[PDB]
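Student: Take this structure first; my questions come after.
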Amino acid sequence: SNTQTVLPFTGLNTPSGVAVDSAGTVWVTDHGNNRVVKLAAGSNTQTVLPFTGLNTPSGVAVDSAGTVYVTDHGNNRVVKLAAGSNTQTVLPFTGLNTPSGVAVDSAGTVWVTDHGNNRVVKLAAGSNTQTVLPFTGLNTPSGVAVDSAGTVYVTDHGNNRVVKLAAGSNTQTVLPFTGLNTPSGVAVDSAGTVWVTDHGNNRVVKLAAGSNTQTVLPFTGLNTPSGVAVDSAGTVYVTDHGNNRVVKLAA
């Protein structure tokens, strides 16, 4: 499709992060309302998740078990909602400051953009070791994404660029996007195609793996868009933050 659809969420305020699973369920961090809301594919009833005590949450991610990870931005922590039990645990990250993006992989490693400290941190499952990734020169970074190969992508929002670290590489690469302004969210598919919310330009851009010319997706009427997600089917979901809505484009 070349025409977006608005998802039937209700009552969102400055939503930020968005996540999607292979069943088509969509999760949105309803940042201004201190809650996380999900919609099953084809449903008109949104569900408020049983998180508690959130303060202006930003990023959201979901693992294969159905556990939901949220960067509880205003409380400098990442919270985990266990599937079924609905037990809430604080991941033992330490020293976070206004964290933004979060990503999780099949092994249960969690990556967090520690926005206020200009760094990206990862935590292996059940571990007490957090690793600072050797990105350099970040400024107010926002989004993080991790592909199947283990490459980590970060929207270096304050520097108008997107940077990546290949697995087992000491050297970050700047992706060859053109014209970015205060980019926020990043998503990557299993083919290595990268989508970025170009937040200051009210648009979403994509870079194919094996390409230097970006495509601009045919969203319309976006206002300070932030979160972006992509599913296996190639549908792209965007939190249209300034319009209090989530929109999608099928491939």
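To be explicit about the labels: the chains of the structure tokens are called A, B, and onward in the order shown, and within each one the residues are counted from 1, while ligands get numbers from 1 in the order they are shown.
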Going by DSSP on the backbone, which residues of stretch 90-216 of chain A come out as strand (DSSP E)? List them as an NGL selection string.

Tutor: :A and (90 or 102-104 or 110-114 or 119-123 or 130-132 or 144-146 or 152-156 or 161-165 or 172-174 or 186-188 or 194-198 or 203-207 or 215-216)

Student: Name all residues at most 9 Å from stretch 189-193 of chain A (count only C-alpha atoms; drop same-chain ones fewer than 5 positions away) and give them as a list in words.

Tutor: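 Counting only the stated atoms, we get residues 147, 148, 149, 206, 207, 208, 209, 210, 229, 230, 231, 232 and 234 of chain A.
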
Student: Please provide the set of residues having any atom within 10 Å of stretch 58-61 of chain A, restricted to only C-alpha atoms, with same-chain residues fewer than 3 positions apart removed, written as an mmCIF file with C-alpha atoms, in the first residue's frame.

Tutor:
```cif
data_model
loop_
_atom_site.group_PDB
_atom_site.id
_atom_site.type_symbol
_atom_site.label_atom_id
_atom_site.label_comp_id
_atom_site.auth_asym_id
_atom_site.auth_seq_id
_atom_site.Cartn_x
_atom_site.Cartn_y
_atom_site.Cartn_z
ATOM 1 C CA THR A 14 2.382 12.197 22.957
ATOM 2 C CA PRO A 15 2.833 8.447 22.298
ATOM 3 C CA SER A 16 6.395 7.362 21.751
ATOM 4 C CA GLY A 17 7.455 3.824 21.253
ATOM 5 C CA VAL A 18 5.776 1.122 19.173
ATOM 6 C CA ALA A 19 6.384 -2.620 18.928
ATOM 7 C CA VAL A 20 4.747 -5.387 16.897
ATOM 8 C CA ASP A 21 4.804 -9.174 16.976
ATOM 9 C CA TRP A 27 2.047 -2.148 21.552
ATOM 10 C CA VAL A 28 2.382 1.602 22.055
ATOM 11 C CA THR A 29 3.965 3.502 24.921
ATOM 12 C CA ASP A 30 1.350 6.126 25.688
ATOM 13 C CA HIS A 31 4.006 8.404 27.128
ATOM 14 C CA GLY A 32 1.837 11.299 28.320
ATOM 15 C CA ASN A 34 2.097 6.815 31.850
ATOM 16 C CA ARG A 35 0.729 3.590 30.366
ATOM 17 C CA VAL A 36 1.295 0.965 27.677
ATOM 18 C CA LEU A 54 5.481 4.432 35.068
ATOM 19 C CA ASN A 55 6.667 7.995 34.460
ATOM 20 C CA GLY A 66 5.329 -12.357 25.379
ATOM 21 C CA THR A 67 7.295 -10.480 28.018
ATOM 22 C CA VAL A 68 7.062 -6.718 27.544
ATOM 23 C CA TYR A 69 10.044 -4.415 28.131
ATOM 24 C CA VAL A 70 9.473 -0.698 28.610
ATOM 25 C CA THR A 71 11.976 2.092 29.145
ATOM 26 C CA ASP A 72 10.389 3.846 32.132
ATOM 27 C CA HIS A 73 12.105 7.032 31.064
ATOM 28 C CA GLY A 74 11.176 9.369 33.891
ATOM 29 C CA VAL A 78 13.780 -0.464 32.293
ATOM 30 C CA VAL A 79 10.832 -2.521 33.519
ATOM 31 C CA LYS A 80 9.880 -6.038 32.563
ATOM 32 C CA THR A 98 16.385 9.492 30.904
ATOM 33 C CA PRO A 99 16.729 6.258 28.883
ATOM 34 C CA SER A 100 14.848 6.162 25.604
ATOM 35 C CA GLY A 101 14.948 3.261 23.151
ATOM 36 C CA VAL A 102 14.931 -0.406 24.091
ATOM 37 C CA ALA A 103 15.518 -3.539 22.028
ATOM 38 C CA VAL A 104 15.542 -7.252 22.879
ATOM 39 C CA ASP A 105 16.754 -10.291 20.941
ATOM 40 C CA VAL A 110 18.278 -6.098 26.317
ATOM 41 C CA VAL A 112 18.916 0.493 26.036
ATOM 42 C CA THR A 113 19.703 3.941 24.717
ATOM 43 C CA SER A 142 17.130 8.030 20.995
ATOM 44 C CA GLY A 143 16.261 4.845 19.246
ATOM 45 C CA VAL A 144 18.016 1.499 19.182
ATOM 46 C CA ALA A 145 17.448 -1.544 17.007
ATOM 47 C CA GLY A 185 13.129 6.033 16.046
ATOM 48 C CA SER A 226 8.861 9.115 16.925
ATOM 49 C CA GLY A 227 8.588 5.335 17.277
ATOM 50 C CA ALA A 229 8.410 -0.759 14.000
#
```

Student: Tell me which protein, DNA and RNA residues are within 9 Å of stretch 150-156 of chain A, counting only C-alpha atoms, leaving out same-chain ones fewer than 4 positions away, and put them as an mmCIF file with N, CA, C and O atoms, in the first residue's frame.

Tutor:
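Saved as result.cif:
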```
data_model
loop_
_atom_site.group_PDB
_atom_site.id
_atom_site.type_symbol
_atom_site.label_atom_id
_atom_site.label_comp_id
_atom_site.auth_asym_id
_atom_site.auth_seq_id
_atom_site.Cartn_x
_atom_site.Cartn_y
_atom_site.Cartn_z
ATOM 1 N N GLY A 101 15.270 4.475 23.888
ATOM 2 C CA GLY A 101 14.948 3.261 23.151
ATOM 3 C C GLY A 101 15.331 1.999 23.897
ATOM 4 O O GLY A 101 16.238 1.981 24.732
ATOM 5 N N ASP A 105 16.518 -9.268 21.955
ATOM 6 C CA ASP A 105 16.754 -10.291 20.941
ATOM 7 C C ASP A 105 16.263 -11.652 21.432
ATOM 8 O O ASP A 105 15.771 -11.798 22.557
ATOM 9 N N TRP A 111 19.017 -4.177 25.056
ATOM 10 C CA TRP A 111 19.776 -2.977 24.741
ATOM 11 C C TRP A 111 18.945 -1.745 25.067
ATOM 12 O O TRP A 111 17.740 -1.703 24.790
ATOM 13 N N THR A 113 19.060 2.659 24.956
ATOM 14 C CA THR A 113 19.703 3.941 24.717
ATOM 15 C C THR A 113 19.664 4.737 26.009
ATOM 16 O O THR A 113 18.590 5.155 26.461
ATOM 17 N N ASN A 118 24.443 9.812 26.922
ATOM 18 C CA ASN A 118 25.043 9.720 25.588
ATOM 19 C C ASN A 118 25.736 8.375 25.346
ATOM 20 O O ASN A 118 26.838 8.301 24.802
ATOM 21 N N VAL A 120 24.977 3.774 24.835
ATOM 22 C CA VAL A 120 24.117 2.615 24.631
ATOM 23 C C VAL A 120 24.656 1.482 25.493
ATOM 24 O O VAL A 120 25.858 1.207 25.464
ATOM 25 N N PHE A 135 30.073 2.749 20.709
ATOM 26 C CA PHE A 135 29.719 3.940 19.953
ATOM 27 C C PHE A 135 30.525 5.124 20.468
ATOM 28 O O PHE A 135 30.940 5.153 21.631
ATOM 29 N N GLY A 137 30.916 9.595 20.453
ATOM 30 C CA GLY A 137 30.452 10.922 20.119
ATOM 31 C C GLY A 137 28.960 11.042 19.993
ATOM 32 O O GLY A 137 28.483 11.858 19.209
ATOM 33 N N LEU A 138 28.201 10.247 20.746
ATOM 34 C CA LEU A 138 26.755 10.372 20.669
ATOM 35 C C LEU A 138 26.273 11.639 21.357
ATOM 36 O O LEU A 138 26.875 12.116 22.322
ATOM 37 N N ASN A 139 25.127 12.136 20.899
ATOM 38 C CA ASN A 139 24.489 13.276 21.538
ATOM 39 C C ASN A 139 22.991 13.015 21.578
ATOM 40 O O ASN A 139 22.369 12.829 20.525
ATOM 41 N N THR A 140 22.420 13.020 22.802
ATOM 42 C CA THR A 140 21.012 12.729 23.080
ATOM 43 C C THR A 140 20.491 11.608 22.180
ATOM 44 O O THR A 140 19.473 11.783 21.498
ATOM 45 N N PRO A 141 21.151 10.446 22.140
ATOM 46 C CA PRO A 141 20.665 9.359 21.272
ATOM 47 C C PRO A 141 19.277 8.921 21.703
ATOM 48 O O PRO A 141 18.903 9.056 22.864
ATOM 49 N N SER A 142 18.524 8.377 20.749
ATOM 50 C CA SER A 142 17.130 8.030 20.995
ATOM 51 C C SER A 142 16.918 6.545 20.758
ATOM 52 O O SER A 142 16.928 5.728 21.687
ATOM 53 N N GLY A 143 16.702 6.190 19.544
ATOM 54 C CA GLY A 143 16.261 4.845 19.246
ATOM 55 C C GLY A 143 17.395 3.853 19.156
ATOM 56 O O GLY A 143 18.533 4.198 18.868
ATOM 57 N N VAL A 144 17.065 2.584 19.381
ATOM 58 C CA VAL A 144 18.016 1.499 19.182
ATOM 59 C C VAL A 144 17.285 0.344 18.525
ATOM 60 O O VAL A 144 16.113 0.081 18.824
ATOM 61 N N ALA A 145 17.974 -0.332 17.618
ATOM 62 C CA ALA A 145 17.448 -1.544 17.007
ATOM 63 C C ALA A 145 18.590 -2.529 16.851
ATOM 64 O O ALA A 145 19.744 -2.137 16.707
ATOM 65 N N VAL A 146 18.251 -3.815 16.866
ATOM 66 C CA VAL A 146 19.227 -4.890 16.748
ATOM 67 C C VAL A 146 18.691 -5.893 15.737
ATOM 68 O O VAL A 146 17.545 -6.336 15.853
ATOM 69 N N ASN A 160 22.022 14.335 14.155
ATOM 70 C CA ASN A 160 21.309 14.190 12.882
ATOM 71 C C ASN A 160 21.849 13.026 12.058
ATOM 72 O O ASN A 160 21.985 13.115 10.832
ATOM 73 N N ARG A 161 22.141 11.909 12.724
ATOM 74 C CA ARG A 161 22.716 10.765 12.046
ATOM 75 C C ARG A 161 22.253 9.476 12.712
ATOM 76 O O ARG A 161 21.754 9.471 13.845
ATOM 77 N N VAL A 162 22.413 8.380 11.976
ATOM 78 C CA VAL A 162 22.155 7.029 12.461
ATOM 79 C C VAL A 162 23.454 6.250 12.353
ATOM 80 O O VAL A 162 24.102 6.264 11.301
ATOM 81 N N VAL A 163 23.832 5.567 13.427
ATOM 82 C CA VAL A 163 25.121 4.886 13.469
ATOM 83 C C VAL A 163 24.886 3.421 13.785
ATOM 84 O O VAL A 163 23.911 3.052 14.441
ATOM 85 N N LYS A 164 25.797 2.570 13.327
ATOM 86 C CA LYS A 164 25.632 1.154 13.607
ATOM 87 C C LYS A 164 26.969 0.535 13.991
ATOM 88 O O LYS A 164 28.038 1.036 13.631
ATOM 89 N N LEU A 165 26.883 -0.538 14.773
ATOM 90 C CA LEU A 165 28.033 -1.345 15.178
ATOM 91 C C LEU A 165 27.735 -2.776 14.771
ATOM 92 O O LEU A 165 26.814 -3.394 15.315
ATOM 93 N N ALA A 166 28.516 -3.307 13.833
ATOM 94 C CA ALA A 166 28.410 -4.717 13.495
ATOM 95 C C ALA A 166 28.847 -5.579 14.676
ATOM 96 O O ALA A 166 29.687 -5.181 15.492
ATOM 97 N N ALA A 167 28.246 -6.763 14.780
ATOM 98 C CA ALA A 167 28.627 -7.696 15.830
ATOM 99 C C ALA A 167 30.106 -8.041 15.703
ATOM 100 O O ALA A 167 30.600 -8.320 14.605
ATOM 101 N N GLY A 168 30.818 -7.995 16.826
ATOM 102 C CA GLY A 168 32.241 -8.272 16.807
ATOM 103 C C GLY A 168 33.055 -7.235 16.070
ATOM 104 O O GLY A 168 34.138 -7.546 15.562
ATOM 105 N N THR A 182 17.024 15.756 13.567
ATOM 106 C CA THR A 182 16.632 15.221 14.866
ATOM 107 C C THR A 182 15.896 13.895 14.719
ATOM 108 O O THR A 182 14.810 13.730 15.295
ATOM 109 N N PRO A 183 16.493 12.914 14.032
ATOM 110 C CA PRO A 183 15.847 11.606 13.912
ATOM 111 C C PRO A 183 15.614 10.995 15.284
ATOM 112 O O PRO A 183 16.343 11.256 16.244
ATOM 113 N N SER A 184 14.576 10.170 15.376
ATOM 114 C CA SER A 184 14.214 9.609 16.668
ATOM 115 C C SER A 184 14.221 8.086 16.612
ATOM 116 O O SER A 184 15.143 7.449 17.131
ATOM 117 N N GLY A 185 13.225 7.477 15.996
ATOM 118 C CA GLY A 185 13.129 6.033 16.046
ATOM 119 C C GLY A 185 13.850 5.331 14.911
ATOM 120 O O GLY A 185 14.094 5.898 13.841
ATOM 121 N N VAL A 186 14.202 4.067 15.165
ATOM 122 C CA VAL A 186 14.853 3.225 14.175
ATOM 123 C C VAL A 186 14.284 1.821 14.309
ATOM 124 O O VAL A 186 13.998 1.351 15.415
ATOM 125 N N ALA A 187 14.076 1.181 13.169
ATOM 126 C CA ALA A 187 13.669 -0.209 13.092
ATOM 127 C C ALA A 187 14.481 -0.873 11.988
ATOM 128 O O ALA A 187 14.866 -0.231 11.009
ATOM 129 N N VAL A 188 14.744 -2.162 12.153
ATOM 130 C CA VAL A 188 15.477 -2.924 11.151
ATOM 131 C C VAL A 188 14.767 -4.253 10.958
ATOM 132 O O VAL A 188 14.277 -4.851 11.923
ATOM 133 N N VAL A 194 16.747 -0.582 6.921
ATOM 134 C CA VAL A 194 16.675 0.285 8.093
ATOM 135 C C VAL A 194 15.648 1.374 7.826
ATOM 136 O O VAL A 194 15.687 2.027 6.777
ATOM 137 N N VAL A 196 13.926 4.837 9.603
ATOM 138 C CA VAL A 196 14.207 5.867 10.591
ATOM 139 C C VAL A 196 13.096 6.900 10.552
ATOM 140 O O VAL A 196 12.710 7.375 9.479
#
```
